[PDB]
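**Student:** This one is an experimental structure. Sequence first:
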12 protein chains.
Amino acid sequence: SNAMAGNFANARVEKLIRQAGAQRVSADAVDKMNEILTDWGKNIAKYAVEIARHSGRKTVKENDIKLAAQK
Amino acid sequence: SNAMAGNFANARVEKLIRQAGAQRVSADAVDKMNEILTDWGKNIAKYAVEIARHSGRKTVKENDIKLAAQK
Amino acid sequence: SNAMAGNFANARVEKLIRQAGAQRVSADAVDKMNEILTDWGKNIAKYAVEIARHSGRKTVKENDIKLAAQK
Amino acid sequence: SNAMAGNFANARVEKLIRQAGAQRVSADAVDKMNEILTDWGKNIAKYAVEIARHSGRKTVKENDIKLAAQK
Amino acid sequence: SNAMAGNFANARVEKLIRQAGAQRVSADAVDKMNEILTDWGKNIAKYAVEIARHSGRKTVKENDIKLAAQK
Amino acid sequence: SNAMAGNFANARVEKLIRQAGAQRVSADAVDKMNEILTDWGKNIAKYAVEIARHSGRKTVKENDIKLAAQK
Amino acid sequence: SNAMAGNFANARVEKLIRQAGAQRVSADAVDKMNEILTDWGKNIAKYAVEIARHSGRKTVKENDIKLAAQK
Amino acid sequence: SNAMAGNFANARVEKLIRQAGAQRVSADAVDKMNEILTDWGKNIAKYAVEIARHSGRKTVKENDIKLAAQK
Amino acid sequence: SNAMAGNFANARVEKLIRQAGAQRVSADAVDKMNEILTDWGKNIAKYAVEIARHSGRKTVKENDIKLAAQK
Amino acid sequence: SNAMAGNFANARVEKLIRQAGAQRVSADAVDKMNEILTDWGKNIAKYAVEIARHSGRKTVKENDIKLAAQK
Amino acid sequence: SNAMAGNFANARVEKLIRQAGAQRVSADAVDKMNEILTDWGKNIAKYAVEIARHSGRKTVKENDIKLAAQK
Amino acid sequence: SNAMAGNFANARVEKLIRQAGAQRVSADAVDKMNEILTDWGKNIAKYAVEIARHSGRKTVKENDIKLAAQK
DNA sequence: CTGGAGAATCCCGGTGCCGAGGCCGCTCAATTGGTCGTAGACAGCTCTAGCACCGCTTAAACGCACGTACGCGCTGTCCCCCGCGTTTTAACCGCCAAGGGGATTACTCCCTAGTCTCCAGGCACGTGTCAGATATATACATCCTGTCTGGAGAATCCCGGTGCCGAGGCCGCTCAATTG
DNA sequence: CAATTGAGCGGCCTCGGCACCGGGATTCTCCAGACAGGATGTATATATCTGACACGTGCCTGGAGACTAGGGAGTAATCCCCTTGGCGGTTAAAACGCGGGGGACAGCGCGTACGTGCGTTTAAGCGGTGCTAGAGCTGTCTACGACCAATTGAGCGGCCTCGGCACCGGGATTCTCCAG
């Protein structure tokens, strides 16, 4: 569902909320968490791609992701 | 791989980095991004579960996720 | 002085710094500590008010302050 | 009340919670907020006193409070 | 009052300003806030309708509002 | 519905989207627009309350809302 | 020079400034204009890619560029 | 193609849209983006030339481009 | 009234609306016209001051106002 | 001076240019700004009078000025 | 150099970049940092001047700068 | 004064606030603005130094400052 | 077309800023001498644009069903009117503290020579990519009931005056601590 | 070491923080009722892993470019010392926001019905890959044009001072705009 807004599988975002200690989880909470992870992940990935390319490279590497998350 | 450290499918974290504009993506960058999403998602989910339970409820809902992300 | 920036009495912020072990205390240090306590207290109080209201209540209670400080 | 645990006047901690937007405030919430401000203020003041004395001075100044809060 | 300029109920725009922390609220401030919300909401809604129709649809959906607000 | 997340009446947010030119409007789009108006209105109202109080006043006035929207 | 900051050829950005009526053009003005075109073009292209993908397509088309420029 | 309407090389406008994240790019989208960059660049360059000449100079400099873009 | 929002005398803004052909003029229309003239005049004056200073001068002159209005 | 060309008091148009940041202001710049405000204000007022009369009214109101400025 | 674009002394902007940990610093990086500080400082100062004047004062004070930076 | 907290000359921070339009400027406002510029400049410079070193270089360059400010 | 009432009008008073004059000096313009950095002309390596070929991605076509619009239901709300007091604004004194001034300094900006180091080119290894199969964990019903939401009523305890001490803030004198 | 700066100790008197009663509305508790999350079971479209390919990265090498260090002259930042403009208390009295009470209107909801958006396939666009040729963008070197820096003169903007023009403000009146 809403594949542009939530990138990840719903069954995996639900597993994450239930391992955080949830006794029950609403389907709307799984969709909201999926959207919040996707928006935040997209911000880090966009900045890591600019760091890769400033470095002089086509390939995104572990160090570019690590530096972009620290911003 | 490393299912406690990276919760999401690697093929979906790779798709996110390539839609951010990546020309090529290292497997270590996919693993690092998966770990960074998992650690941040776990922090929000743990706090949303405490908001649900303070409210008086067993169920995590959309509003608890929304309030926990705003913290 | 500066009642929007420093909420607390200066004589009480000075007593706190002198019980921390200060041999002498500058008036600018009392004003800076008052401002730092006020800015941090305002952040916790604003979030505790959103927790009260999510809970369904007009009244801020001890548990809302306790949960907001743990954020 | 509890002058070692809450350093500030209760009427001033209550004013802070009501300017954060509180419609009503419990006396236990005023006491809990006073305790949380006091414990956090004491940690900063104790470290600022060690910075003053490392610097070679008896007087706590604005810059020592500012550096201790940034820790 | 002024139903083209302020779309929302005045009692609901006043409630929003008082939950933001207002001790008292002028009727002109309620009218100005209503106008500012209406002008900004109309800009987002007009652009979301063009996104719906570019997509090939008569119906405005959640994703069109979300994409129009991000512009 | 979701009265903390959407402050305004749904029938009034729907009227706004249909006067922007919408042929049809999804209930999720009405809820998303209500949330986006509420989050943006809350940011302006919180800053207008700080301008009122810096000015030396308990009352939020038209000029404080106007200055806060221009920020 | 500075291929991440200025995307276009300098000889083509210089031709544009001289057809605007310039009698002489500084090399720093050619570099500044190249950077300003690149930053603005990147903003439009990033938003057109999100419109393409909301539409359900991998391909950026003329209508997505046209709608993104009108934002 | 259409050298008065699109000033820049098509291969460079295509590279810009693909680094914005495009999976595929239509030739009409490359032509439309080239035209939109050219029309906007011409407006800034024409105004920067009037600023140069008001200043008393034949040469367009970095500061004239910077001031014209801020208009 | 509202001297920051309306800069000009109300009796002079009213004379302007009545010479435009108005049979009667509301006091709120005089206040709205005063605000609209003030906001637009402030935008031109701020840009004319930057043109004066780019030119190398402390004095705003007729040519700086004329160039700023043409922007 | 030139009361048909500049409607406003010169002392008030000068105050506006000096609050925009002017260190010094030429009398010709005050006259040019007065003329530019008068010509633009007359265009809005003439159109607001036609909106009032289309509406069926002799009185120019706040909403007619607001709609005429948005044209 | 470029005194409208970079307000501060270059020797002081260079000292700041070298205390941030720089082993070597390019003269173009000192000029770019000076410009970025100047543009951001000008935005805060312009808004603090509007807060001073809304308050009813000719003098910019510490509290106006503090409130303008928090915007 | 306070050379660790305010890096820039006070006469240059005062000139910036007076060109923003200030009729008068308090010495405490000059000190507060100097501190706010220094804290923000230090954050950008520290991150630009990490970008330089990730790139493989000892020298901070214009592009590293530009990328660090965009974070 | 008709009734009822906000509110723009026309009048009169008085006072506050607009406008005009005269005087003083900072500021903008012109003029000159050297220099930075532009325009012109020339060689060659580069990346642009243009066929030709292959297939991924697209735009229609149409057939189930998700979820919208129209209609009609109650009652939960907002908007309006009145009475009451608090908050704000305007007018007046008195003291910080910004302003404008002159003098001496520190630290800035520019020119220098010496060389560390960032860029460019040509190389060999690492590894991300593209295509193919396997099987697993995802998403979508379906049936059940656990949980959350309401609704109504005790009663807890926070809001709202109250009087009165407590202690926070201010001023002045002093010499200990900090700065240079 | 020397000589300020400004924090400490002191004495008076205000603001405002505290503790005490009363009134009451917000909160919690106890059932009833219906969403909607959970658990089971299926079909399948994903994610994962392989293996063969070659493009991209990292290495080592050389050359020039631009940063570092060192010196000098000039300057603008800083620091008193003085003047006074203006920020801030004090206050007295309208302005208008709060609070309580009524009443219709419009927002929410529940059902019904069919419109339309999503899904599955089809055929043909047309974008991607690949190679070739060449007209561009680039970099150099040359030299002179025009920009910047320093100066001098005068013009016009800034400051102050008058006085009177007109903007602002009631107050009584009736037009006219809003409702129905």
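**Tutor:** Sure, I can see it. Numbering: from 1, shown residues only, chains lettered A, B, ... in the order given.
**Student:** Can you give me the first-to-last residue distance of stretch A:4-21?
**Tutor:** Chord length of stretch A:4-21, first to last residue, is 28 Å (CA to CA, to the nearest Å).
**Student:** Would you quantify the distance from the residue most central in space within chain A to residue L:15?
**Tutor:** What sits nearest the mean C-alpha location of chain A, by CA atoms, centre = their mean, is residue A:41, with 3.3 Å. The gap separating residue A:41 from residue L:15 is 44 Å, by CB to CB, to the nearest Å. Quick note: C-beta positions are derived from backbone N, CA and C, even for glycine.
**Student:** Report all helices and strands that the lengthiest helix in chain A contacts.
**Tutor:** Across chain A, the longest stretch assigned as helix under DSSP state H is helix A:27-55. Using 3 or more CB pairs under 8 Å, 6 or more residues apart in numbering or on different chains; DSSP states H and E as the contact test, the elements touching helix A:27-55 are helix A:10-19, strand A:59-60, helix A:62-69, helix B:10-19, helix B:27-55, helix B:62-69, helix L:27-55, helix L:62-69.
**Student:** Tell me how many other residues surround the residue nearest to residue A:22 when sequence neighbours are not counted.
**Tutor:** Excluding the flanking residues, the one nearest residue A:22 by CB to CB, 6 or more residues apart in numbering or on different chains is residue B:60, at 4.8 Å. Per other CB atoms under 10 Å in any protein chain shown, the neighbour tally for residue B:60 reads 30.
**Student:** Now stretch A:34-46: buried residues?
**Tutor:** In terms of neighbour count (16 or more other CB atoms under 10 Å in any protein chain shown), stretch A:34-46 has its buried residues at A:34, A:35, A:36, A:37, A:38, A:40, A:41, A:42, A:44, A:45, A:46.
**Student:** what secondary structure does residue A:71 sit in?
**Tutor:** Per DSSP: H, G, I helix; E, B strand; the rest coil, the local secondary structure of residue A:71 is coil.
**Student:** Please verify my assumption that it contacts residue L:69.
**Tutor:** No: using CB atoms under 8 Å, residue A:71 is not in contact with residue L:69; the gap is 11.3 Å.
**Student:** How much space separates the residue nearest to the centre of chain A from residue F:6?
**Tutor:** As judged by CB to CB, residue A:41 and residue F:6 stand 26 Å apart.
**Student:** How about residue A:42?
**Tutor:** Distance of residue A:42 to residue F:6, given as CB to CB: 25 Å.
**Student:** What's the local residue count around whichever residue of chain A sits closest to chain H?
**Tutor:** For chain A and chain H, the shortest gap (CB to the nearest CB) falls at residue A:53, measuring 7.5 Å. Residues lying near residue A:53 (other CB under 10 Å) number 19.
**Student:** got a list of what it touches?
**Tutor:** G:4, H:19 (CB atoms under 8 Å, 6 or more residues apart in numbering or on different chains).
**Student:** Return the set of residues that bridge with residue A:25.
**Tutor:** residue B:60 (DSSP bridges).
**Student:** so it touches residue A:18, yeah?
**Tutor:** Yes: assessed by CB under 8 Å, residue A:25 is found in contact with residue A:18 at 6.1 Å.
**Student:** So which of those two has more stuff around it?
**Tutor:** Using other CB under 10 Å as the criterion, residue A:25 and residue A:18 rank with residue A:25 on top: 25 against 16.
**Student:** And that one, how close does it get to residue C:33?
**Tutor:** Counting by CB to CB, the gap from residue A:25 to residue C:33 is 44 Å.
**Student:** Just the CA atoms of stretch A:59-66, as PDB, please.
**Tutor:** The C-alpha coordinates for stretch A:59-66 follow below in PDB (Å, rounded to 0.1, in the frame of the first residue of the first chain):
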ATOM      1  CA  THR A  59      29.300   4.500  -5.800                       C
ATOM      2  CA  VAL A  60      27.600   5.200  -2.500                       C
ATOM      3  CA  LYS A  61      29.800   3.500   0.200                       C
ATOM      4  CA  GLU A  62      29.500   2.800   4.000                       C
ATOM      5  CA  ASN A  63      31.500   6.000   5.000                       C
ATOM      6  CA  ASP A  64      29.200   8.300   3.000                       C
ATOM      7  CA  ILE A  65      26.100   6.900   4.800                       C
ATOM      8  CA  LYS A  66      27.900   7.200   8.100                       C
END
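**Student:** The residue nearest to the centre of chain A touches residue A:7, doesn't it?
**Tutor:** Yes: with contact defined as CB under 8 Å, residue A:41 counts as touching residue A:7 (7.1 Å).
**Student:** Mind listing the shared neighbours of those two?
**Tutor:** Shared contacts of residue A:41 and residue A:7, counting by CB under 8 Å, 6+ apart, come down to residue B:16.
**Student:** Could you tell me how many residues sit around residue A:12?
**Tutor:** With other CB under 10 Å as criterion, residue A:12 counts 16.
**Student:** who's in contact with it?
**Tutor:** B:7, B:8, B:9.
**Student:** The first one contacts residue B:38, doesn't it?
**Tutor:** Yes: taking CB under 8 Å as the contact criterion, residue B:7 and residue B:38 are neighbours in contact, 4.4 Å apart.
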